[PDB]
Amino acid sequence: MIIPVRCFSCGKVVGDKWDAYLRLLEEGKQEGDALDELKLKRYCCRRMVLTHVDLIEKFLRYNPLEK
Amino acid sequence: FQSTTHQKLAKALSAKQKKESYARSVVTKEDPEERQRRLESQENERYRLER
Amino acid sequence: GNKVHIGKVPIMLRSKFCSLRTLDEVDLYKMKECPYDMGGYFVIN
Amino acid sequence: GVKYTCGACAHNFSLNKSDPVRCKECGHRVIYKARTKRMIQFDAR
Amino acid sequence: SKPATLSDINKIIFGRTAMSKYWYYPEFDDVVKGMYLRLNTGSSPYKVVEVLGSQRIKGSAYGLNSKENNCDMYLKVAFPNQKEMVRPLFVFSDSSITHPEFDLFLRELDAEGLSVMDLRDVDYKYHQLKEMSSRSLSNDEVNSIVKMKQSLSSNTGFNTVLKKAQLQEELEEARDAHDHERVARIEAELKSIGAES
Ligand SMILES: [Zn+2]
Ligand SMILES: [Zn+2]
């Protein structure tokens with residue numbers, strides 16, 4: 001839905017690296033190289049960012065219910 | 001196959017079965033049951049008058 | 001002798017006779033319909 | 001006395017248990033109750 | 001027959017928010033008639049005006065409170081010393097009428113040679129406002145108000161989608177009837193309405 005704050009397995013803060021990851025992917029870096037640049041060494045933390053699906057972007061396309 | 005008659009026959013028979021549309025669309029502006037209830041009301045009124 | 005109403009037939013969603021067939025992606029969102037929904041069912045009651 | 005919200009144009013109004021359930025401005029037939037005023041607390045866990 | 005005091009006029013204060021809440025009522029024309037409300041002169045010292053009536057002006061839709069608050073109602077009022085003026089609803093202020101404002105209004109009435117509204121008429125207006133505010137609308141009245149605001153509706157996403165769907169249904173009816181002239185006009189209208197972002 002939205003990027004988790006902490007890694008499930010070890011608890012490293014990964015919630016501040018989503019926009020930087022998207023930026024690095026925009027510049028043309030490979031996903032593994034982008035994860036290396038963000039200093040995500042353990043594959044438990046790499047799984048968190050590599051397999052995340054951003055569903056909040058779809059939820060935000062519906063009109064707000066209160067104004 | 002390359003004969004013009006065979007090609008024209010194949011084209012005609014292929015495009016003949018492509019056209020199939022019987023039902024015609026329409027736009028409803030009011031309640032479809034309005035006629036039934038208004039005619040039932042008129043029939044009940046004339047039944048009372050006839051009685 | 002004119003059009004007589006003979007009944008109401010339930011409509012299968014996303015078919016040629018459904019209202020959502022034409023709607024594009026934006027109006028589908030405005031109609032509170034999910035774009036991932038595929039249709040193929042009826043809504044009875 | 002009780003606040004509501006329209007399901008289409010998100011307009012706020014009130015009802016007195018005697019008006020028809022409708023939106024005032026756009027006439028939608030679907031309305032939603034407003035959130036309460038009581039205190040809401042969560043344990044962040 | 002007794003003169004109306006300040007509190008009697010304060011009982012019948014009808015704010016701009018209340019006006020927006022009640023301007024579309026059919027009885028609101030007679031309700032607002034003869035009422036006294038604070039008005040923004042603009043040229044600003046606020047003054048009191050007497051409502052001689054109301055007149056709907058088509059094509060003069062104006063923002064009442066917000067951008068979506070389109071209104072066509074206009075109020076025909078008149079200063080005593082000055083002449084008749086047609087003003088929109090948002091010119092009035094929700095703030096209460098002050099003592100020098102009412103005193104100046106009384107002096108203008110004395111200069112013109114007019115009197116103040118009777119206490120019986122003040123109570124009649126108060127009962128009229130309470131009945132109108134506590135009234136329960138009927139289905140036909142609600143539909144009439146909705147149609148009136150739809151006529152006032154410049155644009156609304158839900159209504160545009162509904163209109164486009166109705167136009168598509170009319171287009172398929174015209175296509176199934178082999179009407180090559182109507183379908184071109186409906187396609188042109190859809191092209192004009194469409195091209196969203
Ligand atoms: Zn980890
Ligand atoms: Zn509404």
# chains A, B, ... in the order shown; residues from 1 in each chain; ligands from 1

$ residues_near_ligand --ligand "ligand 2" --cutoff "7 Å" --atoms "only C-alpha atoms and all ligand atoms" --output "ChimeraX atom specification"
/D:6-11,23-28

$ write_last_selection --atoms "C-alpha atoms" --output "JSON list (two decimals), in the first residue's frame"
[["chain", "number", "residue", "atom", "x", "y", "z"],
["D", 6, "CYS", "CA", -23.58, 13.91, 0.04],
["D", 7, "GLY", "CA", -22.20, 10.86, -1.74],
["D", 8, "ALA", "CA", -21.61, 12.77, -4.99],
["D", 9, "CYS", "CA", -20.76, 16.45, -4.39],
["D", 10, "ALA", "CA", -19.55, 16.08, -0.74],
["D", 11, "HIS", "CA", -21.87, 18.84, 0.51],
["D", 23, "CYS", "CA", -28.88, 15.92, -1.25],
["D", 24, "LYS", "CA", -30.00, 19.55, -1.17],
["D", 25, "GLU", "CA", -27.94, 20.83, -4.10],
["D", 26, "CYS", "CA", -27.34, 17.93, -6.54],
["D", 27, "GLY", "CA", -30.22, 15.67, -5.45],
["D", 28, "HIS", "CA", -28.21, 12.50, -4.92]]

$ interface_residues --of "chain E" --to "chain B" --cutoff "9 Å" --atoms "only C-alpha atoms" --output "number ranges by chain"
E: 166, 169-170, 172-177

$ select_by_dssp --residues "chain C" --states "helix (DSSP H, G or I)" --output "number ranges by chain"
C: 25-30

$ write_last_selection --atoms "C-alpha atoms" --output "compact mmCIF listing (two decimals), in the first residue's frame"
# COMPACT_ATOMS: atom_id res chain seq x y z
CA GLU C 25 -10.38 5.53 -17.26
CA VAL C 26 -11.11 8.89 -15.71
CA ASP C 27 -14.92 8.71 -15.65
CA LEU C 28 -14.61 5.13 -14.40
CA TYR C 29 -12.78 6.58 -11.38
CA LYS C 30 -15.44 9.30 -11.02

$ closest_residue --among "A:50, A:59, A:7, A:67" --to "chain C" --atoms "only C-alpha atoms"
A:59

$ residues_around --residues "residue D:37" --least-positions-apart "2" --cutoff "12 Å" --atoms "only C-alpha atoms" --output "PyMOL selection string"
chain D and resi 2-3+34-35+39-40

$ residues_near_ligand --ligand "ligand 1" --cutoff "9 Å" --atoms "only C-alpha atoms and all ligand atoms" --output "PyMOL selection string"
chain A and resi 6-14+40-48

$ write_last_selection --atoms "C-alpha atoms" --output "compact mmCIF listing (two decimals), in the first residue's frame"
# COMPACT_ATOMS: atom_id res chain seq x y z
CA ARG A 6 10.96 -0.72 9.08
CA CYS A 7 12.28 -3.93 7.58
CA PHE A 8 10.17 -6.84 8.83
CA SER A 9 13.12 -9.11 9.61
CA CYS A 10 15.63 -6.78 11.28
CA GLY A 11 13.97 -3.40 11.70
CA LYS A 12 16.23 -1.16 9.64
CA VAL A 13 14.50 2.07 8.63
CA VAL A 14 13.67 1.67 4.93
CA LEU A 40 20.88 -1.89 1.71
CA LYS A 41 23.27 -4.81 2.17
CA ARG A 42 21.22 -7.58 3.79
CA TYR A 43 18.81 -9.27 1.39
CA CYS A 44 16.04 -9.02 4.00
CA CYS A 45 16.13 -5.24 3.56
CA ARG A 46 16.56 -5.51 -0.21
CA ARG A 47 13.39 -7.63 -0.36
CA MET A 48 11.38 -4.86 1.35

$ closest_atom_pairs --of "chain A" --to "chain C" --cutoff "12 Å" --atoms "only C-alpha atoms" --output "Markdown table"
| residue | atom | partner | partner_atom | distance |
| --- | --- | --- | --- | --- |
| A:58 | CA | C:34 | CA | 9.4 |
| A:59 | CA | C:34 | CA | 9.9 |
| A:60 | CA | C:29 | CA | 10.1 |
| A:61 | CA | C:29 | CA | 6.8 |
| A:62 | CA | C:29 | CA | 5.8 |
| A:63 | CA | C:30 | CA | 6.8 |
| A:64 | CA | C:30 | CA | 10.4 |
| A:65 | CA | C:32 | CA | 11.2 |

$ select_by_dssp --residues "chain D" --states "strand (DSSP E or B)" --output "ChimeraX atom specification"
/D:2-6,12-15,31-33

$ interface_residues --of "chain E" --to "chain D" --cutoff "8 Å" --atoms "only C-alpha atoms" --output "PyMOL selection string"
chain E and resi 136-139+142-143+145-146+149-150+158

$ write_last_selection --atoms "N, CA, C and O atoms" --output "PDB file, in the first residue's frame"
ATOM      1  N   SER E 136     -40.335  21.401   6.289  1.00  0.00           N
ATOM      2  CA  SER E 136     -39.823  20.185   5.675  1.00  0.00           C
ATOM      3  C   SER E 136     -40.219  20.186   4.206  1.00  0.00           C
ATOM      4  O   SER E 136     -41.409  20.256   3.880  1.00  0.00           O
ATOM      5  N   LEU E 137     -39.224  20.117   3.328  1.00  0.00           N
ATOM      6  CA  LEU E 137     -39.479  20.179   1.897  1.00  0.00           C
ATOM      7  C   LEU E 137     -40.128  18.891   1.405  1.00  0.00           C
ATOM      8  O   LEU E 137     -39.926  17.811   1.966  1.00  0.00           O
ATOM      9  N   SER E 138     -40.915  19.020   0.345  1.00  0.00           N
ATOM     10  CA  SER E 138     -41.537  17.872  -0.294  1.00  0.00           C
ATOM     11  C   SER E 138     -40.639  17.359  -1.413  1.00  0.00           C
ATOM     12  O   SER E 138     -39.633  17.978  -1.765  1.00  0.00           O
ATOM     13  N   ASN E 139     -40.999  16.194  -1.959  1.00  0.00           N
ATOM     14  CA  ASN E 139     -40.215  15.605  -3.042  1.00  0.00           C
ATOM     15  C   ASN E 139     -40.224  16.487  -4.283  1.00  0.00           C
ATOM     16  O   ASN E 139     -39.175  16.701  -4.905  1.00  0.00           O
ATOM     17  N   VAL E 142     -38.042  19.586  -3.720  1.00  0.00           N
ATOM     18  CA  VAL E 142     -36.624  19.236  -3.777  1.00  0.00           C
ATOM     19  C   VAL E 142     -36.181  19.023  -5.220  1.00  0.00           C
ATOM     20  O   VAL E 142     -35.119  19.510  -5.629  1.00  0.00           O
ATOM     21  N   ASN E 143     -36.995  18.319  -6.019  1.00  0.00           N
ATOM     22  CA  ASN E 143     -36.666  18.131  -7.433  1.00  0.00           C
ATOM     23  C   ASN E 143     -36.630  19.457  -8.190  1.00  0.00           C
ATOM     24  O   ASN E 143     -35.781  19.645  -9.067  1.00  0.00           O
ATOM     25  N   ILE E 145     -35.848  22.416  -6.898  1.00  0.00           N
ATOM     26  CA  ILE E 145     -34.617  23.089  -6.476  1.00  0.00           C
ATOM     27  C   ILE E 145     -33.401  22.469  -7.160  1.00  0.00           C
ATOM     28  O   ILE E 145     -32.480  23.178  -7.591  1.00  0.00           O
ATOM     29  N   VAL E 146     -33.389  21.141  -7.282  1.00  0.00           N
ATOM     30  CA  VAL E 146     -32.285  20.443  -7.938  1.00  0.00           C
ATOM     31  C   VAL E 146     -32.221  20.803  -9.420  1.00  0.00           C
ATOM     32  O   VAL E 146     -31.135  21.035  -9.961  1.00  0.00           O
ATOM     33  N   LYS E 149     -30.832  24.390  -9.679  1.00  0.00           N
ATOM     34  CA  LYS E 149     -29.382  24.442  -9.505  1.00  0.00           C
ATOM     35  C   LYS E 149     -28.649  23.758 -10.653  1.00  0.00           C
ATOM     36  O   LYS E 149     -27.525  24.146 -10.980  1.00  0.00           O
ATOM     37  N   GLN E 150     -29.259  22.733 -11.258  1.00  0.00           N
ATOM     38  CA  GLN E 150     -28.692  22.109 -12.449  1.00  0.00           C
ATOM     39  C   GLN E 150     -28.657  23.088 -13.615  1.00  0.00           C
ATOM     40  O   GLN E 150     -27.703  23.089 -14.404  1.00  0.00           O
ATOM     41  N   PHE E 158     -19.488  14.546 -11.873  1.00  0.00           N
ATOM     42  CA  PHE E 158     -20.516  13.508 -11.878  1.00  0.00           C
ATOM     43  C   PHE E 158     -21.588  13.802 -12.921  1.00  0.00           C
ATOM     44  O   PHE E 158     -22.000  12.912 -13.680  1.00  0.00           O
TER      45      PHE E 158
END

$ residues_around --residues "residue C:19" --least-positions-apart "6" --cutoff "10 Å" --atoms "only C-alpha atoms" --output "ChimeraX atom specification"
/C:11,13 /E:162,165-166,168-169

$ closest_residue --among "E:163, E:125, E:135, E:67" --to "chain C" --atoms "only C-alpha atoms"
E:163

$ interface_residues --of "chain C" --to "chain B" --cutoff "10 Å" --atoms "only C-alpha atoms" --output "list in words"
residues 4, 5, 6, 7, 8 and 17 of chain C

$ residues_around --residues "residue A:1" --least-positions-apart "6" --cutoff "6 Å" --atoms "only C-alpha atoms" --output "list in words"
residues 54, 55 and 56 of chain A

$ write_last_selection --atoms "N, CA, C and O atoms" --output "short mmCIF file (atom, residue, chain, number, x, y, z; two decimals), in the first residue's frame"
data_model
loop_
_atom_site.label_atom_id
_atom_site.label_comp_id
_atom_site.auth_asym_id
_atom_site.auth_seq_id
_atom_site.Cartn_x
_atom_site.Cartn_y
_atom_site.Cartn_z
N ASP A 54 3.13 -0.06 -4.76
CA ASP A 54 2.61 1.20 -4.25
C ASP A 54 1.14 1.31 -4.64
O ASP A 54 0.79 1.82 -5.71
N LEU A 55 0.27 0.83 -3.76
CA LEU A 55 -1.16 0.82 -4.03
C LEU A 55 -1.85 2.13 -3.68
O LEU A 55 -2.97 2.35 -4.13
N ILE A 56 -1.22 2.97 -2.85
CA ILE A 56 -1.82 4.23 -2.44
C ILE A 56 -2.02 5.16 -3.63
O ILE A 56 -2.94 5.99 -3.63
#

$ atom_distance --atom1 "atom CA of residue A:23" --atom2 "atom CA of residue E:196"
28.8 Å

$ residues_around --residues "residue E:47" --least-positions-apart "3" --cutoff "7 Å" --atoms "only C-alpha atoms" --output "PyMOL selection string"
chain E and resi 38-41+101

$ write_last_selection --atoms "C-alpha atoms" --output "CSV table (one decimal), in the first residue's frame"
chain,number,residue,atom,x,y,z
E,38,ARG,CA,-26.9,45.0,7.1
E,39,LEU,CA,-25.6,45.9,3.6
E,40,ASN,CA,-22.1,46.8,2.4
E,41,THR,CA,-22.4,50.2,0.7
E,101,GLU,CA,-26.4,52.4,11.6

$ decode --residues "chain D" --atoms "N, CA and C atoms" --output "short mmCIF file (atom, residue, chain, number, x, y, z; two decimals), in the first residue's frame"
data_model
loop_
_atom_site.label_atom_id
_atom_site.label_comp_id
_atom_site.auth_asym_id
_atom_site.auth_seq_id
_atom_site.Cartn_x
_atom_site.Cartn_y
_atom_site.Cartn_z
N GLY D 1 -29.98 18.83 13.28
CA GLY D 1 -29.28 18.41 14.48
C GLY D 1 -28.11 17.49 14.21
N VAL D 2 -28.28 16.60 13.23
CA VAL D 2 -27.25 15.64 12.85
C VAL D 2 -26.71 16.03 11.48
N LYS D 3 -25.39 16.05 11.35
CA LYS D 3 -24.75 16.41 10.10
C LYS D 3 -24.71 15.22 9.15
N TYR D 4 -24.76 15.51 7.85
CA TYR D 4 -24.62 14.50 6.82
C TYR D 4 -23.64 15.00 5.76
N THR D 5 -23.42 14.18 4.75
CA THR D 5 -22.54 14.50 3.64
C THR D 5 -23.06 13.79 2.41
N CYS D 6 -23.09 14.49 1.28
CA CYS D 6 -23.58 13.91 0.04
C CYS D 6 -22.56 12.94 -0.54
N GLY D 7 -23.06 11.86 -1.13
CA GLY D 7 -22.20 10.86 -1.74
C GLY D 7 -21.62 11.24 -3.08
N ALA D 8 -22.07 12.35 -3.67
CA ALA D 8 -21.61 12.77 -4.99
C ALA D 8 -20.82 14.07 -4.94
N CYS D 9 -21.40 15.14 -4.39
CA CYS D 9 -20.76 16.45 -4.39
C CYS D 9 -20.14 16.82 -3.05
N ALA D 10 -20.18 15.91 -2.07
CA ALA D 10 -19.55 16.08 -0.74
C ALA D 10 -20.00 17.37 -0.05
N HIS D 11 -21.30 17.65 -0.11
CA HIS D 11 -21.87 18.84 0.51
C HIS D 11 -22.44 18.48 1.87
N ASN D 12 -22.26 19.37 2.84
CA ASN D 12 -22.71 19.15 4.21
C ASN D 12 -24.03 19.86 4.45
N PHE D 13 -24.90 19.21 5.23
CA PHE D 13 -26.21 19.76 5.55
C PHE D 13 -26.71 19.08 6.82
N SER D 14 -27.98 19.27 7.13
CA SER D 14 -28.59 18.67 8.31
C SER D 14 -30.00 18.21 7.97
N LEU D 15 -30.51 17.27 8.77
CA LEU D 15 -31.85 16.74 8.62
C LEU D 15 -32.55 16.76 9.97
N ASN D 16 -33.88 16.85 9.94
CA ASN D 16 -34.69 16.97 11.14
C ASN D 16 -35.65 15.80 11.33
N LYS D 17 -35.33 14.64 10.76
CA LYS D 17 -36.11 13.40 10.81
C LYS D 17 -37.47 13.55 10.11
N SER D 18 -37.61 14.55 9.24
CA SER D 18 -38.84 14.73 8.48
C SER D 18 -38.62 15.02 7.00
N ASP D 19 -37.41 15.36 6.58
CA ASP D 19 -37.13 15.62 5.18
C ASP D 19 -36.84 14.32 4.44
N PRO D 20 -37.06 14.28 3.12
CA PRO D 20 -36.63 13.11 2.35
C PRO D 20 -35.12 12.99 2.34
N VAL D 21 -34.64 11.75 2.29
CA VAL D 21 -33.20 11.49 2.32
C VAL D 21 -32.69 11.79 0.91
N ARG D 22 -32.15 12.99 0.73
CA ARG D 22 -31.68 13.49 -0.55
C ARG D 22 -30.64 14.57 -0.30
N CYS D 23 -29.77 14.78 -1.28
CA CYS D 23 -28.88 15.92 -1.25
C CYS D 23 -29.64 17.19 -1.62
N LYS D 24 -29.33 18.28 -0.92
CA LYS D 24 -30.00 19.55 -1.17
C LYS D 24 -29.65 20.11 -2.55
N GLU D 25 -28.37 20.09 -2.91
CA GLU D 25 -27.94 20.83 -4.10
C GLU D 25 -27.93 19.98 -5.37
N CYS D 26 -27.41 18.75 -5.33
CA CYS D 26 -27.34 17.93 -6.54
C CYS D 26 -28.38 16.81 -6.56
N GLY D 27 -29.15 16.66 -5.49
CA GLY D 27 -30.22 15.67 -5.45
C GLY D 27 -29.77 14.23 -5.55
N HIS D 28 -28.60 13.90 -5.00
CA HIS D 28 -28.21 12.50 -4.92
C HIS D 28 -29.05 11.80 -3.87
N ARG D 29 -29.29 10.51 -4.09
CA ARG D 29 -30.10 9.71 -3.17
C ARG D 29 -29.27 9.01 -2.11
N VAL D 30 -27.95 9.22 -2.10
CA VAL D 30 -27.03 8.53 -1.22
C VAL D 30 -26.30 9.57 -0.38
N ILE D 31 -26.44 9.47 0.95
CA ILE D 31 -25.79 10.38 1.88
C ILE D 31 -25.12 9.56 2.98
N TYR D 32 -24.14 10.18 3.63
CA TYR D 32 -23.34 9.53 4.66
C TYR D 32 -23.35 10.36 5.93
N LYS D 33 -23.34 9.68 7.08
CA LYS D 33 -23.24 10.39 8.35
C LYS D 33 -21.84 10.95 8.54
N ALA D 34 -21.76 12.05 9.27
CA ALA D 34 -20.49 12.67 9.58
C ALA D 34 -19.84 11.98 10.78
N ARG D 35 -18.51 12.12 10.86
CA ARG D 35 -17.76 11.53 11.96
C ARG D 35 -18.16 12.17 13.28
N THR D 36 -18.10 11.37 14.35
CA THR D 36 -18.50 11.80 15.69
C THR D 36 -17.57 12.89 16.22
N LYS D 37 -17.90 13.39 17.41
CA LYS D 37 -17.12 14.41 18.08
C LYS D 37 -16.40 13.90 19.31
N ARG D 38 -16.74 12.70 19.79
CA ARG D 38 -16.04 12.05 20.89
C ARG D 38 -14.55 11.90 20.59
N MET D 39 -13.76 11.80 21.66
CA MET D 39 -12.32 11.68 21.51
C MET D 39 -11.95 10.30 20.99
N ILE D 40 -11.01 10.27 20.04
CA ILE D 40 -10.57 9.04 19.40
C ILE D 40 -9.08 8.87 19.68
N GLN D 41 -8.71 7.73 20.28
CA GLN D 41 -7.35 7.47 20.71
C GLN D 41 -6.90 6.09 20.26
N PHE D 42 -5.63 5.98 19.86
CA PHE D 42 -5.04 4.72 19.42
C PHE D 42 -3.73 4.49 20.14
N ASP D 43 -3.30 3.22 20.21
CA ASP D 43 -2.14 2.87 21.02
C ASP D 43 -0.85 2.75 20.22
N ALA D 44 -0.88 3.04 18.92
CA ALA D 44 0.30 3.10 18.05
C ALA D 44 1.14 1.82 18.10
N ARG D 45 0.47 0.67 18.05
CA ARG D 45 1.16 -0.61 18.12
C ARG D 45 0.67 -1.55 17.02
#
